[PDB]
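One-letter residues, chain by chain:
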Amino acid sequence: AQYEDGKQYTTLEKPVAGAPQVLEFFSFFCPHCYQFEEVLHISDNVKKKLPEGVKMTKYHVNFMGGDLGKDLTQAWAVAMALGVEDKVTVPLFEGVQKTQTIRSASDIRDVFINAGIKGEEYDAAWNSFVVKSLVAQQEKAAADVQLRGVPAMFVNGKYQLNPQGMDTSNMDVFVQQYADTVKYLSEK
């Protein structure tokens, strides 16, 4: 066929019940994730092609960057709780990988402050149980698919995108192939 299991996607031997419809995993430490988000804009091009009614979820992971990696999973929970993902994603990526100015939880916090989130609001969220449960959700989702690498995307807890079966000579064509594949998998 045009889309083949084992080529543009693989099927989870052990499907995950109750999984988000489209679930993307990343780390702010992950060089290919920087490309996906800052250069390719994968998340955004997938969104523009998703059928009506299917929502997109994006989670941070712990297994890169040690202690700072975990701080970033908690910061990403804060980002989701306050709904400020679109304001901190670029400076977090650039702070970790471009300027390398993020070395501590306080440096992470500075990013939010600079983005206009009140210190007192950031701190309340950081320490909140609502954020603890969001950290838990992120950890559980990654655990459910036995996640060992990022970037990664999963559709309906059943299918895992496989970008390595794709031509990268043109960055545009790769992104739309990726997006079109998510749409196809979504309609399965």
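For the structure given in this document, a descriptive report is provided here. (Residues numbered from 1 in each chain as written, not as in the entry; some residues may be left out. Heavy atoms only, no water.)

## Some points on the nonpolar core
Part 1: If you look at the biggest cluster of nonpolar residues, it comprises 42 residues, and the most contacted ones within it are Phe 25, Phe 28, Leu 92, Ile 108, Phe 112, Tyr 122 and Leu 147.
Part 2: Those elements that provide at least two residues to this core are strand 2 (22-26), helix 1 (31-39), helix 3 (66-82), helix 4 (85-98), helix 5 (105-114), helix 6 (119-126), helix 7 (129-144) and strand 4 (152-155).
Part 3: If you tally residues by element for this core, the top one is helix 3, at eight residues.
Part 4: Dropping the residues within four chain positions of it, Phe 25 is found in contact with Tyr 59, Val 61, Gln 138, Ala 141, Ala 142, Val 145, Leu 147, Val 150, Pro 151, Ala 152 and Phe 154. (Core = buried A, V, L, I, M, F, W, Y, C linked by side-chain atoms within 4.5 Å. Buried < 20%, exposed > 50% of the residue type's maximum accessible area, 1.4 Å probe, protein only. Helix = DSSP H or I, 4+ residues; strand = E, 2+ residues; numbered from the N terminus. Contact = heavy atoms within 4.5 Å.)

## What about the packing of aromatic side chains?
Part 1: On inspection of all chains with the given rule, the structure shows 16 aromatic pairs.
Part 2: Centroid distance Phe 28 to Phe 93: 4.8 Å. Interplanar angle 65°. Geometry classified as edge-to-face. With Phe 28 in the loop between strand 2 and helix 1 and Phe 93 in helix 4, this residue pair connects regions lying 65 residues apart in the sequence. For the pair formed by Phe 28 and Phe 93, the shared burial category is buried.
Part 3: Taken together, the ring pairs in this structure connect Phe 26, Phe 28, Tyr 34, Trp 76 and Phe 93 into an aromatic cluster.
Part 4: Sitting over the face of the ring of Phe 129, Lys 132 holds its NZ or CZ atom 5.6 Å from the ring centroid. (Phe/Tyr/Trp six-rings, centres within 6.5 Å; stacked < 30°, edge-to-face > 60°. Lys NZ or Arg CZ within 6 Å of the ring centre and 35° of its normal.)

## Thoughts on the side chain of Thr 73
Part 1: Of note, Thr 73 is situated in helix 3.
Part 2: A polar side-chain atom of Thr 73 sits 2.9 Å from a polar atom in the side chain of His 60.
Part 3: Apart from the residues within four sequence positions on either side, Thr 73 is in contact with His 60, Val 61, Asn 62, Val 135 and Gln 138. (Polar contact = N/O pair within 3.5 Å; in protein donor to acceptor, adjacent residues only side chain to side chain.)

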